[PDB]
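Novice: I am attaching a structure below and will ask some questions about it afterwards.
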Amino acid sequence: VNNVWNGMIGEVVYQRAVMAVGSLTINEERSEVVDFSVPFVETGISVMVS
Amino acid sequence: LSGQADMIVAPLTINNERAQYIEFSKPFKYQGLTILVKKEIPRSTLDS
């Protein structure tokens, strides 16, 4: 928000803690700011309907 | 690894040994192996 990152990405970008092991999805803006490693689980957008 | 080089584009595969020398990009596909065999001929047709 207003070019002020928060969350895990914010913590990584503010030099507070390297690495962000967790459930983080690769995107474009994030990859523009904070670079990722190779994906280890494939995923995407999907819908459940009961 | 010679003069040709450039920006090789093909159905390559991301491997440790391959990546130790050249560097890849984010994948543009996802795949497995899925062993393939020839389809069985259905002989159950109630002919006899």
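Same order as they appear, the protein sequences are chains A and B. Quick note: the first sequence uses UniProt numbering, first residue 489, plus one each step. Quick note: the second sequence uses UniProt numbering, first residue 506, plus one each step. Where a beta carbon is used, it is the ideal one built from N, C-alpha and C, also for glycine.
(1) Using a C-beta to C-beta distance shorter than 9 Å, which residues of chain B count as neighbours of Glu516(A)?
(2) Among the candidates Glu528(B), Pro532(B), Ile519(B) and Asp552(B), whose CA atom is the shortest distance from the CA of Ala510(B)?
(3) Count the other CB atoms, across all protein chains shown, that sit within 10 Å of the CB of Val514(B); report buried if there are 16 or more and exposed otherwise.
(4) Quick check: what's the CA-CA separation for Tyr502(A) versus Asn494(A)?
(5) Based on Cα-Cα distance, which residue from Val489(A), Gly532(A) and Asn490(A) lies nearest to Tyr535(B)?
(6) Taking C-beta to C-beta, are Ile497(A) and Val522(A) nearer than 8 Å?
(7) With 16 other CB atoms within 10 Å as the buried threshold, where does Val500(A) fall?
(8) With DSSP as the reference, label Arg504(A) as helix, strand or coil.
(9) Please identify, using Cβ separations under 9 Å, the residues of the segment 513-530 of chain B that lie next to chain A, in order along the chain.
(10) What is the rounded straight-line gap between the Cα of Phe533(B) and the Cα of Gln525(B)?
Specialist: The structure says:
(1) For this step, residue 516(A) is matched to residue 28 along the first sequence. The premise fails here: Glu516(A) is roughly 10 Å from chain B at the closest Cβ pair, so nothing lies under 9 Å.
(2) Here residue 510(B) refers to the residue found at position 5 when the second sequence is read from its first residue. When each option's Cα is compared against that of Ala510(B), the closest is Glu528(B).
(3) For the purposes of this step, residue 514(B) is identified with residue 9 of the second sequence, where counting begins at 1. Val514(B) should be labelled exposed.
(4) Position 14 of the first sequence holds residue 502(A). Position 6 of the first sequence holds residue 494(A). Whole-angstrom Cα-Cα distance: 9 Å.
(5) On the second sequence, residue 535(B) is found 30 positions in, with the first residue counted as 1. When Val489(A), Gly532(A) and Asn490(A) are compared, the shortest CA-CA separation from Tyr535(B) is found for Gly532(A).
(6) Walking along the first sequence from the start, residue 497(A) turns up at place 9. Walking along the first sequence from the start, residue 522(A) turns up at place 34. Taking the C-beta atoms as reference points, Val522(A) is found nearer than 8 Å to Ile497(A).
(7) Taking the first sequence and counting its residues from 1, one reaches residue 500(A) at position 12. It counts as buried.
(8) In the first sequence, the residue the question calls residue 504(A) occupies position 16. Taken through DSSP and simplified to helix, strand or coil, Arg504(A) comes out as coil.
(9) Cβ contacts with chain A come from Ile519, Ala524 and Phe529.
(10) Counting from one through the second sequence, the residue named residue 533(B) turns up at place 28. Counting from one through the second sequence, the residue named residue 525(B) turns up at place 20. Roughly 20 Å between the two C-alpha positions.
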